[PDB]
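Same protein, same chain, two forms; see structure 1 and structure 2 below, as structure tokens.
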Structure 1
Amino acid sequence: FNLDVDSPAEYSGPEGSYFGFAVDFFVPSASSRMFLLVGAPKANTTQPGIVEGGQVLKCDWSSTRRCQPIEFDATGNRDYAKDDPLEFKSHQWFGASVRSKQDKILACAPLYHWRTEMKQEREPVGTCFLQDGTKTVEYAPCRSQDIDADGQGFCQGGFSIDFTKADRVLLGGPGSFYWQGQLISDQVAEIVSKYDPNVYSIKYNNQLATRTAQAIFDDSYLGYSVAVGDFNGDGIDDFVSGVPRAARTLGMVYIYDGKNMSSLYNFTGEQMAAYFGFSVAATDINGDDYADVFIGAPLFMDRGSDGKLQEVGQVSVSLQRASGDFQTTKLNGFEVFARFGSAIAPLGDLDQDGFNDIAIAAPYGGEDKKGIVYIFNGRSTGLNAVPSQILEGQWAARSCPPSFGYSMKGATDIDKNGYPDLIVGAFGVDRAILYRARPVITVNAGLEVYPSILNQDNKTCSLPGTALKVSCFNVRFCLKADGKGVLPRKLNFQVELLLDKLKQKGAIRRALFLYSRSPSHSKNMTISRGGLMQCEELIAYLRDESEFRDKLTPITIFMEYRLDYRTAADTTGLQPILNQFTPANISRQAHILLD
């Protein structure tokens, strides 16, 4: 609920380059500046003779908002012989996937084709580049001697990638073994130490890889998507991967052990061709330190009040439990054909309430297919089924839909304000947007009405002026505030009180405030973080019995407190926001004595 949508950071790339198809954060391992990594897989490069080789850009944060390409590889196609290229980098879609662990940056070209040494072929084995510091090495685990559809010739390695917490690379290629798909995991230490540019198929030791299986599993697309998380409690991150065509298009999600690639758990979709497994994510959403699985099925069709199927998408949320089971719940989209669930981005603890949160993208929702991103906050029971915020894209295109939200990445506090921030990509408009998280003010309010029971015959107060003999009672509203992170010490609240609120317009109001002789009383206040309960009292009174013949319904004292947000800003320009989960209104009710 606390993301700043009024003035987000906006980055642009070359038109038609799909700038924003992939997004990530960059955290150089020197506590240095932070950057944004943005993939532009159709961008033209200076590589000799290469058309739309693609590139990955590093973007400054708020220093200039400038992006510059990262030089992973400045060369063209190697030659097996004169006029006989060894590889084909044009339209290789370099940057279709980008992942960054501390210094390391991993970017891949899932449509890189390579000839072979035996015969003139064009096989999309895919390739990746890993840059640590000055060191940059090529990582093409599927560029083996296992040539063809039957082998890994069409593996498209790098289609999806991730880093484990122990500096292992998780990579997926959906084309291996007649599109059964494949997962491969290699130690970054191996990837760099064993690199030899003279060797096209590098023998990495300690490599983990799924194996070819029976033909019944063909065309399953294992490795279409990947995520990492521990699911046997041994501290070793395990491999989650979507398999969207498995189970005769019901879709599946495989989990393999991150130590030996042994199969651990399986998920299966519920509807044909829902693309169950298009996206997967792993993050502990309920604070039990057990990673929870999120699975997207952006084509899942719901049933409507009229009984009509409507394609809205669906996300499954599977809470891991110590017993090894999973506690699953579904989450349906809101707009037809919006493809809710195409992207699922762990956000860390966005509102810093103690539970991790998550963003789910409907890249083709909103007005004119401008895309929508939903924010879901976590809690002890699981994920809050109602989104606490809705992010909309402001940009429209004319060739391919903006796809705002097609890619996302959160869980990084780029402005060091104490709250994680979110990157949203929109490759259809060659745009990438950074949303910064505003600090959250938890507010403790209180309202006391004494005496509670009121006797009209009782009269121990006097009205303003010479008027006398009115029944009265006291009201004492209180307010207290605190917060986490970069916040000012002083806060200017606006409180309002209303007596006999429940009576609708055109109905007599029995209670009035003493001074104002009106049922409403406004008030500006000022409180500091962690400060004491700042209170204030005033007196209210009842009208004469002759003016109202309703002595049955109770009299509610309503209190509403609002905060002028602009005054409590920060050097960032980032205003705080009131905790949306604590209601900003409280009410106590008094009663009329009867005899």
Structure 2
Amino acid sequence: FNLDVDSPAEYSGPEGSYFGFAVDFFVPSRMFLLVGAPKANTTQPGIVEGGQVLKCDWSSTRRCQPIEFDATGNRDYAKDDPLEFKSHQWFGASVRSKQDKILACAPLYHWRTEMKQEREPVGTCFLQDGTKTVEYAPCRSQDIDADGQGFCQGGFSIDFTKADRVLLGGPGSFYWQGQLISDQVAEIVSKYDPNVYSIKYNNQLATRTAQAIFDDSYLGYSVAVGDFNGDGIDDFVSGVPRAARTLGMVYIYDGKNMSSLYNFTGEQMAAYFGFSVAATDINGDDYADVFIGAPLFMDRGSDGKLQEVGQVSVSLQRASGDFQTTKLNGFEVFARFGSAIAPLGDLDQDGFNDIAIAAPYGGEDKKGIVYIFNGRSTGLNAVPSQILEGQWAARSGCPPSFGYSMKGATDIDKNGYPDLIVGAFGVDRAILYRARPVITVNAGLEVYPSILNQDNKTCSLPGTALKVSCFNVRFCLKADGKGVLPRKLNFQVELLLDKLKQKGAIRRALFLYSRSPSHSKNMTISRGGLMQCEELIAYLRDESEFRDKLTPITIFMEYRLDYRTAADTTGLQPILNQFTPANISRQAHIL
């Protein structure tokens, strides 16, 4: 709810380059945005649309710069016998970063093989650890052709573990059974040799070829990491969207020996169960939870007829090893809710991680929607607390695809709250939404005396002779926050006397100086300090003016932050928390 949608940072790249197809952060110092442009023309000799990964800075006005992973053209196997084919290789289709490590891959990279003159899409990745940049193509092996790893498309999805292992998905291995490959980042860089095209890694974890019934499964279509057997080692989660006869599945493998741990199965044909997966602890128990996207799931409408809205299943990892699974349906037909699922970290710093789910083809003009969901002790809040809308219309072949890729859990402006990058490759854009800091308010309301005797006429009304039965309304205001936030918080406080009177009943309590039931007051307070209070006198109408003496007179206090004048040095205006009612009530009684 606290993402600033009024003034987000808009980064753009060359048209037609699919700038924003993959997005990530970079925290080696200063921090950066990593954007993939897989259809981008580069300076590589003879390479048409090799693709690139761009490093964009937050501090400066856009100014993105391509990261030179490889400036060379196609290596030759022999004279007039090219070894590889880098044109249209889609480099930057997946970008993944961990500290000073950057992993980018080219899933449509083809090569010749070393046995004959073929053109096989084995996929390749470039890894950049600090200074040294190495290539990583675990599917570019001697196990060639579709039966082997010839069509594996390694790097179709990638991820890092917390113990410096790469997880790579190759959906085409073994006649499109798919494959997960995991290598230690140290062995990848140490054994790299630009004259060796098939490097063997000793600590490699890889799934093996299975029976022909498992062909056409697309294991490795998407990947994610998280611990699921309680041993501290991140385990491998991967969508297998064509498995179970297009019912779709999700495989979980142990991150130590590649043994199968758990399976999930879709429940509807051709819903693409497994298109996207994510793993993050959503209910604050330190057990990572599984999010499985099925963007083509069709649910029942009001008329009983199916409608394609997409579905995300939320699986809470129980301590007993089981899973408590619920399901979250999309809101718009054909919007493909669940196409991307980005863990956001704790977007509002309330102690529970949050997640974003994109419907890249929803909203007006099919400009894309991103839904923000907050976690809590019992799990994921099914109702979204914020809706991020795409602003850029489509004048291209592809729709804007706002939300098709996104990344969270990185505090890029050091304000204490994690932020979110949202890619829109159909319009060649990536957008940074910064989290606004969250104000926790402790308001007070005292009514003394709380029992009101109508015969007790103490105060007199200003300007007349008749006294009234009066009492004091004291309201206190106190605020504080956890992140980086200004001192002066400007509050607008409203008080209404006898708000909960019957429909059409007479207003029984009025303020002394105003003869009005409502009172407004502006309060500039500084956070962390003591509570700022204000006293005021209210009175009852004469006993003959109304009959309801038994209904308690509730004093209602409403307060809102001004937002206008509290902006930070970065222009980031704070916001009140959503879980707390921004009001308080206190009642008084009559004798």
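Residue indices: 1-based, along structure 1. For clarity, a rigid core is taken as the largest C-alpha set superposing within 1.5 Å between two forms.
Once the core is superposed between structures 1 and 2, every option in 87, 162, 430, 500 stays below 2 Å in C-alpha shift except 500.
With the core superposed, residue 509 shows a C-alpha displacement of at least 2 Å between structures 1 and 2.
Annotation: Cα of residue 47 displaced by less than 2 Å between structures 1 and 2, core superposition. Superposition of the core reveals a Cα shift of 2 Å or more for residue 548 between structures 1 and 2. Relative to the superposed core, residue 152 moves its CA by 0.4 Å between structures 1 and 2. Superposing the rigid core and comparing between structures 1 and 2 gives a CA shift of 1.1 Å at residue 116. The shift recorded for the CA atom of residue 537 between structures 1 and 2 is 4.1 Å, with superposition on the rigid core.
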